[PDB]
Number of protein chains: 4
Amino acid sequence: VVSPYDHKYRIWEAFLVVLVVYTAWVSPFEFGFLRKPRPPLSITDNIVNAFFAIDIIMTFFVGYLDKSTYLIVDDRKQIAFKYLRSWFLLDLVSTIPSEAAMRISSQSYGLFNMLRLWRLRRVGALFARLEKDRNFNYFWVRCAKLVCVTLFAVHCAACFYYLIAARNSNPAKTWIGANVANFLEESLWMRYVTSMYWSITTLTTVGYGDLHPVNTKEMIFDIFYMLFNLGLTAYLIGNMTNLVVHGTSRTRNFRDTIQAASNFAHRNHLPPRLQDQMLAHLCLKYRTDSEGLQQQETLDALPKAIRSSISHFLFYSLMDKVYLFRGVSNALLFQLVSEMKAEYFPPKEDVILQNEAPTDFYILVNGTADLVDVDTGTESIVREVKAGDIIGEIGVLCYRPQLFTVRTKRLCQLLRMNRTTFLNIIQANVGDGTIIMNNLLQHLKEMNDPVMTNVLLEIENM
Amino acid sequence: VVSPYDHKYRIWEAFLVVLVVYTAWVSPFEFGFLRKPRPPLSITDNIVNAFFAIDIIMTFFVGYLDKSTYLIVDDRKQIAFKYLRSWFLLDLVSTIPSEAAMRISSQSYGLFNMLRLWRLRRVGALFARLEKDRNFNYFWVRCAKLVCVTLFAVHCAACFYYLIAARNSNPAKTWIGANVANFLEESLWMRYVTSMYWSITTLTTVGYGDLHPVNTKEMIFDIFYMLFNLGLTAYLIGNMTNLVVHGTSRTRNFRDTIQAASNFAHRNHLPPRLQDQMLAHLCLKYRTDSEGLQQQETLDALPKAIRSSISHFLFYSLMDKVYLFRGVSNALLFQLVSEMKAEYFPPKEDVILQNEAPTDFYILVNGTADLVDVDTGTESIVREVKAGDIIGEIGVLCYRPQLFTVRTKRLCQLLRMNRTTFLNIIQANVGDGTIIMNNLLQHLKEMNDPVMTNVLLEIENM
Amino acid sequence: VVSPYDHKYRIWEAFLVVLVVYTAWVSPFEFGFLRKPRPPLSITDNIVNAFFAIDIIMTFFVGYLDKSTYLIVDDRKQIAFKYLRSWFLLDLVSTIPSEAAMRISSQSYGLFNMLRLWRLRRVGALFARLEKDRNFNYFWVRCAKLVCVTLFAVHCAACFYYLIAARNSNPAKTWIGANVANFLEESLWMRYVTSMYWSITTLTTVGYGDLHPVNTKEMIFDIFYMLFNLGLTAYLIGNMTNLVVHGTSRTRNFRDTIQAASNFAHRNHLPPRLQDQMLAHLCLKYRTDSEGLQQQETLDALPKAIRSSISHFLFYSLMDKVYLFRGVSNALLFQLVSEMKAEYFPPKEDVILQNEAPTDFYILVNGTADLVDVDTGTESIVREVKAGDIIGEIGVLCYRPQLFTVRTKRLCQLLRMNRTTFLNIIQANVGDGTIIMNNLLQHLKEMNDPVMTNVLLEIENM
Amino acid sequence: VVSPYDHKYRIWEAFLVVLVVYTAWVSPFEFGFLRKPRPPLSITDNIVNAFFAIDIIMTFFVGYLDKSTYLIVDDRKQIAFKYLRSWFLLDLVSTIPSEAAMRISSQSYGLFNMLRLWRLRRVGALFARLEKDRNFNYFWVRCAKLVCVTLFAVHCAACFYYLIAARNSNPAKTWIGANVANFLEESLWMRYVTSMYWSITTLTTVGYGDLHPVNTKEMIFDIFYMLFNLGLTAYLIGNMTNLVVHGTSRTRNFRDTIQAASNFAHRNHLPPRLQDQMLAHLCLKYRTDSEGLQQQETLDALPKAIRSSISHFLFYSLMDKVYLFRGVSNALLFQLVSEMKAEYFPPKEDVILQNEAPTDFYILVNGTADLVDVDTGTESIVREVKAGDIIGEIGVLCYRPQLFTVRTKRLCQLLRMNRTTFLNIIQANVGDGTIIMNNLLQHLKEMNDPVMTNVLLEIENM
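Each residue takes a number counted from 1 along its chain in the order the sequence is written, a numbering that need not match the entry; residues with no coordinates do not appear. To read the labels, note that chains go from A and ligands from 1, taken in the order they are written. Derived side-chain values reflect all non-hydrogen atoms in the structure, with water molecules and hydrogen atoms excluded from consideration. Residues with missing side-chain atoms are left out of burial classes, side-chain pairs and their counts.

Structure determination for this entry, per the PDB record, employed cryo-EM and reached 2.9 Å resolution.

Pasting the structure below:
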């Protein structure tokens with residue numbers, strides 16, 4: 001019994017697609033270039049016939065994945081009936097050797113050799129898989145699919161066109177017979193290289209003009225091949241345009257955003273400190289790829305029982321190490337952890353201005369900042385904060401404008417919390433506002449500062 | 001009076017467009033290769049003209065979808081006024097046979113045969129109709145339109161360039177007279193194949209170099225035809241590029257989403273159960289085409305009197321089979337059914353965590369989940385729920401944090417109901433939360449558990 | 001002062017761009033094909049120089065629309081300062097006749113004739129203006145710009161390459177002397193046609209291979225011209241791709257929406273009346289181009305002082321001619337008019353379901369609809385409403401759920417008013433709720449209906 | 001220690017990329033066209049190798065910007081470990097002169113010279129830098145990168161194909177020996193020009209047909225080179241298409257908006273004053289490039305501690321120069337300044353209608369507007385307001401419909417302020433509402449709208 005997702009089974013898959021690439025080269029070559037068996041190739045041909053014999057002896061069962069349950073179905077019957085519904089005679093007769101066919105019909109040599117190209121469904125499913133896969137980048141996958149179909153079309157056309165040249169009385173006034181007088185006397189590698197040269201030169205529309213059609217059957221095949229090439233080249237340029245437009249869109253929108261904001265700052269004559277705070281923020285929003293750019297861009301599309309657990313993994317020790325949440329509850333901790341906004345901040349940037357409306361408070365993870373107070377125009381720092389300290393809580397828990405300006409003097413990470421979101425959580429778990437006010441004003445009674453807020457809040461209650 | 005949207009009438013339209021394809025090949029061929037009528041085509045010309053005369057009779061009773069009413073005007077007068085004011089004269093004069101034209105003037109055979117190309121308006125209307133259809137895929141419709149206009153332009157150019165070769169004294173020092181010494185003695189099929197070969201080799205810009213202009217009239221025509229081909233080839237690449245970019249947008253955005261989120265999970269070093277819950281949800285959000293991905297993309301655009309009846313069709317027996325809604329009303333059932341959000345979930349995923357904020361409850365359709373409680377790290381299941389049961393209703397009807405973690409274990413389907421949305425509904429039908437509390441607390445006393453929720457319930461009531 | 005936006009002045013501009021097209025042909029032809037003045041062109045050159053001297057006089061009194069005021073500046077000095085600082089010297093030296101140039105030196109004929117290509121700034125400004133216009137579609141504007149730059153590049157390269165063939169001792173063993181040895185005896189039109197034929201054949205990359213370079217200077221020019229052609233062809237395909245991708249996007253997204261919703265309805269097995277109600281609404285949302293589709297899509301971006309007066313112009317007679325607003329106010333009329341949502345509806349579609357939540361009510365503009373009441377599965381129509389009547393108000397002015405079901409039976413236009421939006425307006429102009437209730441309960445006892453609310457709300461009032 | 005962001009060091013970078021452009025031309029030319037050392041290039045080779053040896057010495061002490069801190073590491077050890085672990089061996093071996101190679105082996109001259117192309121990492125990093133830079137436009141950066149890779153690939157193929165021509169017995173029956181009889185007896189410049197002509201003619205797919213392959217090794221190289229040119233040509237067209245679609249998107253969406261609004265206004269038969277108010281506003285919403293269009297397009301994405309200071313810089317003198325804010329507070333001024341939405345208005349446009357809902361009020365920055373009042377259909381101005389004065393405050397501070405209609409008459413700039421946003425600020429700073437009412441009614445009593453405003457307004461108050 002063999003199930004998928006098996007590392008003994010994917011070896012078998014990759015070995016089969018290598019044999020498919022073998023057949024993709026060989027079957028047109030036998031169709032267009034060979035009448036006789038020529039055992040220097042035909043021995044290897046019968047050998048890979050034996051490989052496909054042991055292949056079809058092995059292939060009778062493997063489990064699959066059904067939809068609407070997404071479970072693995074392996075039950076030792078229906079596992080071979082389903083596989084023998086569709087193509088069993090095809091790859092069955094695909095293994096009959098050429099000696100058998102010449103014993104049957106000694107004119108359908110290459111005609112029966114051509115039949116083996118059902119095997120290319122493996123390559124099709126492989127490319128569908130790799131597009132569905134997330135390990136290999138989309139660029140090289142689409143590029144490889146294009147080069148495979150291009151080389152296959154070139155090879156098939158060179159084989160068919162040499163077939164048209166050979167299967168003709170009067171070898172002169174054929175397309176190879178027009179300039180090369182005696183090509184049946186020259187080698188097989190030479191004739192294949194000349195036919196592939198013709199096919200490449202025709203497909204890419206270079207067309208030097210040696211090796212051109214002379215009679216009518218060559219003209220008809222060349223008309224349909226050039227219509228095919230026109231469609232194929234349009235398909236290639238379309239895929240390459242898609243592939244470039246996807247690949248350079250993020251940098252494009254980033255540059256347009258930067259250009260618009262810097263153009264705004266110049267026509268309004270902003271101070272340059274404000275100007276490069278703007279550009280520092282808008283630059284750091286970009287190159288935090290999969291830290292803070294993809295964070296709010298992908299965590300939004302999660303069903304909120306997942307990103308609550310993501311927030312519980314990344315930030316839960318930090319909410320046990322802040323003074324305002326000492327012994328409040330355990331339900332309140334998970335709920336406050338579940339609704340933070342982890343944000344980055346480049347160095348030398350104010351994150352709370354003085355006399356703001358009270359709306360947010362922040363909790364550091366890393367980096368440092370300074371509390372900056374102004375008196376009559378001179379900026380004086382007050383107190384540097386450390387990674388793990390809450391800032392902005394004075395006035396948000398109250399209803400007062402903010403007291404100090406907070407400038408991140410290094411690269412930092414803060415956790416924003418909106419005020420009405422903070423209150424709507426602590427309107428629930430009633431009686432826990434008491435412990436929040438208690439471990440606030442027992443922290444405000446500390447620090448030995450000239451407490452004007454402490455005397456104002458006690459009258460503010462009653 | 002024949003109506004449109006009719007199965008007897010569409011067959012007549014399709015037979016007409018088959019005759020239009022006939023005329024599109026034959027008329028440039030007559031203009032380029034023929035002087036006589038040559039009755040082996042004149043008979044078929046008069047047959048096709050007879051069918052077009054039958055259709056120009058038949059069109060006097062066929063209704064039309066008029067705008068501003070979107071009804072069908074079918075009244076045997078003003079249904080001919082619209083026809084005679086639009087294009088009656090041109091498909092009148094397209095129907096006239098050519099023996100009358102040679103009876104008038106023995107010069108205007110080809111110039112009158114070229115006038116039958118007014119019939120291509122049917123092809124244009126057909127392609128517009130097929131692009132407006134939802135049955136035939138847009139890809140091959142655009143591909144068919146491009147190949148038809150390409151083949152028609154190649155055919156017209158081949159016939160015109162052969163005409164420039166023909167109506168010229170000294171057949172030598174023409175383009176076919178340059179290499180083929182005696183082309184007037186060789187057959188008509190040979191000359192048509194050679195002109196198609198020239199026109200293809202020029203349009204695809206292969207240009208082998210034989211069959212080139214040698215005098216000035218051929219150079220002028222070839223200049224204008226190469227300019228037309230430049231515009232046409234750019235048009236084909238533009239259409240194929242559009243057709244590729246629209247075809248591979250969904251897979252592209254899905255892959256970018258998966259890449260960004262898996263890139264997020266690696267830098268933050270999440271536990272792998274969390275990591276493949278994330279990837280399982282983001283994968284299942286894709287391949288629910290026309291069940292869940294198209295659901296909240298198309299239902300939101302509907303004017304809410306439609307999606308309410310869609311929700312009434314799919315999920316109305318289910319809300320009669322839950323304990324919490326027994327005999328409340330019939331108005332409340334329709335209102336709650338109207339505002340459920342059906343969502344899919346891959347197996348092995350938490351959908352409600354323990355100690356969450358009480359915001360949602362869910363109703364199964366299919367699949368099962370498990371209530372999971374943690375005490376000291378060890379997590380045991382409590383009560384597996386069945387398809388058709390409600391989870392999360394405790395604490396939403398109350399105001400308490402959630403009690404158990406709900407982990408799915410099959411491909412489930414849940415119906416989310418928001419809390420404030422739920423309370424805004426039961427304020428209407430006021431006095432019918434009495435039955436809700438009644439069949440809650442009577443249900444809470446059915447199973448054996450701590451019924452301390454009834455203790456906090458009654459002190460909260462009175 | 002001659003103003004812009006002037007019909008006496010635009011005709012002068014159009015005549016000037018006709019003269020610029022003349023110069024763009026003639027100046028490279030004189031540079032490459034001529035040495036003498038040759039009066040059949042010299043007369044016309046001096047005429048065109050006279051017209052450009054007339055315009056370089058006329059440009060001293062013509063107003064300009066400056067920025068930061070968007071007002072026409074007309075001052076007769078500083079209207080010449082702006083002109084002299086911009087391009088007065090270059091179109092001065094473009095205007096000088098060439099007989100003075102041969103008076104200076106008998107070598108600088110063509111090199112001075114090429115300097116007249118400064119006049120193409122008029123063409124550039126013209127194409128910028130026509131892109132900023134809304135009367136000429138963007139498609140053919142971009143197409144005309146592309147064919148102009150392409151024809152001009154072809155023409156200049158043909159002239160330069162004939163010049164390289166001409167200015168050469170041993171005229172044989174040049175590119176034109178390779179096949180036509182006596183090319184200096186054959187006509188000027190013939191040599192211009194063969195040069196244009198070469199130049200088209202190189203630019204399209206057809207490249208027949210006759211008329212190819214034979215010495216080193218021709219090879220160097222041909223390398224640079226083919227690099228230019230590579231860039232130019234990529235530019236042309238890029239413009240045509242932009243022009244196709246924009247032009248086929250609305251139909252594309254409409255088709256994708258139809259495909260997704262019809263796919264959704266199939267796998268959920270909805271009843272077909274529901275299914276074609278969905279398709280009728282989704283179709284009618286599309287083909288109301290600039291009636292209802294562009295209405296919500298463009299009125300949203302307006303600053304709400306404009307669309308209020310748009311709503312006031314379209315629908316103000318209707319709110320006077322409805323019974324519920326008889327003698328209410330005039331401020332409340334303007335405010336309710338300003339916040340309606342005019343919406344179209346296809347025939348055979350329910351717009352309000354029975355037992356809905358009371359959220360909206362509607363007012364007909366045109367079209368007809370029917371009330372539908374059901375009790376035991378039988379749909380009985382109650383009362384057809386006429387174009388200009390309000391439906392849905394019984395329950396929104398009250399708080400009860402809806403009482404009937406309204407199916408549109410023609411192409412209708414309704415005006416939606418949301419309930420919470422309706423109540424926020426009637427708080428202002430207080431006391432007008434009394435007259436709304438008054439002409440509501442006065443309206444219940446109008447037809448002497450078997451009422452079941454007329455006493456049920458007067459007990460709520462009294 | 002040397003730092004980046006330094007003008008002594010960037011000049012060294014530019015001089016190195018000049019020497020890289022030198023080596024990119026010279027190394028394939030030596031590989032293809034030279035066997036000898038030939039001191040007229042060998043001297044310059046040793047000079048350029050000396051400069052790269054100076055740079056590989058100099059690079060041990062130059063600071064780098066590490067991630068996760070965005071600071072400059074400068075420590076004189078581990079700043080060399082990073083350099084030794086990245087690419088030290090490759091630009092070591094690129095520096096070695098070729099006389100050492102001919103001391104080793106007198107056949108490995110060009111085979112060693114081709115290894116000097118490791119220096120192109122300088123060019124690649126330069127293009128990455130210039131795309132990330134915001135001073136040079138993205139258009140010509142991508143265009144220059146494309147022409148550099150195109151000319152380099154052409155140059156390499158020309159050198160390799162001449163190498164296949166040269167290293168061959170029987171110089172006749174090569175590709176250059178086919179038409180040129182004795183190419184070894186002709187100049188070096190001639191052979192380089194002919195090889196470059198072949199390589200351009202093959203890459204652009206013109207392909208005249210002279211200079212075509214005649215033996216098998218040339219056919220194999222030409223097959224791989226035409227496949228490469230197919231890939232590169234699709235890549236160039238894709239890049240130019242990306243570049244054009246991004247370059248003309250703003251004008252495209254603007255034109256589509258203008259088209260939809262003008263088409264809406266025509267099918268609904270609006271009065272033309274309303275119609276060109278619509279088009280005036282929608283035009284002005286475009287050509288405020290980085291004044292009003294990019295203003296709310298970029299300030300929205302800012303973390304609101306930045307744009308609060310932007311609003312504080314641009315608009316803070318104005319809030320001290322308005323009568324309603326005389327001595328109110330100092331925190332309230334910063335909060336009100338922080339939440340103003342500045343807009344532009346084209347001339348002759350109503351910005352507030354009479355009998356609107358009281359929702360907004362506006363403060364002029366620059367420009368003049370008028371007040372328009374209707375009596376029975378005749379409208380005239382009442383009072384012109386000048387830049388710096390507030391309009392619409394009467395009735396927003398109250399709860400009354402508006403009193404006048406405010407029409408602009410120049411390019412104006414107003415500051416919108418929402419009513420509920422205004423009240424949610426003045427609920428904070430309590431007691432400052434008293435001074436707002438006080439300096440309103442002292443302004444209302446002074447400004448003689450004669451009696452009925454001050455009297456009826458005080459009836460609401462007391």
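Don't stop here, the text continues.
Q: Got a minute to help me understand the sheet that holds strand β10 (residues 412-418) of chain B in this structure?
A: The strands making up a sheet associate through backbone hydrogen bonding, with each pair oriented either parallel or antiparallel. All names here are of chain B. Strands are treated as partners if at least two bridges between them are detected by DSSP. Each helix is a run of DSSP H or I of at least 4 residues and each strand a run of E of at least 2, with the numbering of both proceeding from the N terminus. Strand order in the open sheet made by the four strands is β3-β10-β5-β8, with antiparallel pairing throughout. Only two strands of the sheet have a single neighbouring strand rather than two, namely β3 (341-345) and β8 (390-391). As paired strands, strand β5 (residues 360-363) and β8 are joined by two bridges and run antiparallel to one another. Pairing of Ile 363 across the sheet is with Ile 390, part of β8.

Q: How should the nonpolar core be read in this particular structure?
A: The nonpolar side chains of a soluble globular protein tend to be buried with one another. In terms of nonpolar packing, the biggest core is built from 135 residues, with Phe 33 of chain A, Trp 198 of chain C together with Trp 198 of chain D touching the most fellow members. Excluding anything up to four places from it in sequence, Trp 198 of chain C contacts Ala 157, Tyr 161, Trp 175, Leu 211, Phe 221, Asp 222 and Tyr 225 of chain C together with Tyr 208 of chain D. For the purposes of this section, nonpolar cores are sets of buried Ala, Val, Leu, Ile, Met, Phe, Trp, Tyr and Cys residues that join through side-chain atoms within 4.5 Å. We call a residue buried when its accessible area falls under 20% of the maximum for its residue type, exposed when it is over 50%, and partly exposed in between, using a 1.4 Å probe and counting protein chains only. Any pair of residues with heavy atoms lying within 4.5 Å of one another is described as a contacting pair.

Q: Sorry, what's going on with the relation of the copies chain D and chain A here?
A: Both copies of the chain are related by a screw-like operation: a rotation about an axis and a shift along it. Note on alignment: the copies are superposed with a least-squares fit restricted to their C-alpha atoms. For the pair chain D and chain A, the best superposition has an RMSD of 0.9 Å and corresponds to a rotation of 89° with a translation of 0.1 Å parallel to the axis. Accordingly, the operation relating the two chain copies is best matched by a four-fold axis. Comparing interface residues between copies, only 11% of those in chain D also sit at the interface in chain A, which points to a heterologous contact through distinct surfaces.

Q: What exactly am I supposed to notice about the side chain of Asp 432 of chain C here?
A: Take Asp 432 of chain C: it is sitting in helix α18 (residues 432-444). Buried and unpaired, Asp 432 of chain C has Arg 400 of chain D as its nearest opposite-charge partner, separated by 13 Å. In this tally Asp and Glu are treated as negative and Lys and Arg as positive; neither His nor the chain ends contributes. The working definition used for a salt bridge is a side-chain nitrogen of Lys or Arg within 4 Å of a carboxyl oxygen of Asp or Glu.

Q: When you look at the interface of chain C and chain D in this model, what are you seeing that I'm missing?
A: It is common to report an interface's size as the accessible area lost on association of the parts. Taken together, the contact pairs 61 residues of chain C with 60 residues of chain D. Ranked by the residues each element gives to the side of chain C that touches chain D, the list is headed by helix α10 (residues 216-247) of chain C, at 17 residues.

Q: Can you walk me through the pattern of salt bridges in this structure?
A: Between side chains of opposite charge, a pair can form when the charged atoms approach closely. Within the structure shown, the criterion is met by 33 salt bridges over all chains. Among the salt bridges present, the one from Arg 273 of chain B reaches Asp 350 of chain B, with a minimum N-O distance of 3.8 Å. Of this pair, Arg 273 of chain B sits in helix α13 (residues 272-284) while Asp 350 of chain B is found in strand β4 (residues 349-352), placing the two residues 77 residues apart along the sequence. Relative accessible area serves as the criterion here: at 7%, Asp 350 of chain B is assigned to the buried category. The closest approach of N and O atoms between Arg 121 of chain C and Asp 91 of chain C, which form a salt bridge, is 2.8 Å. Here the residue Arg 121 of chain C occupies a position in helix α7 (residues 121-132), and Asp 91 of chain C occupies one in helix α4 (residues 88-93), the gap between them amounting to 30 residues.

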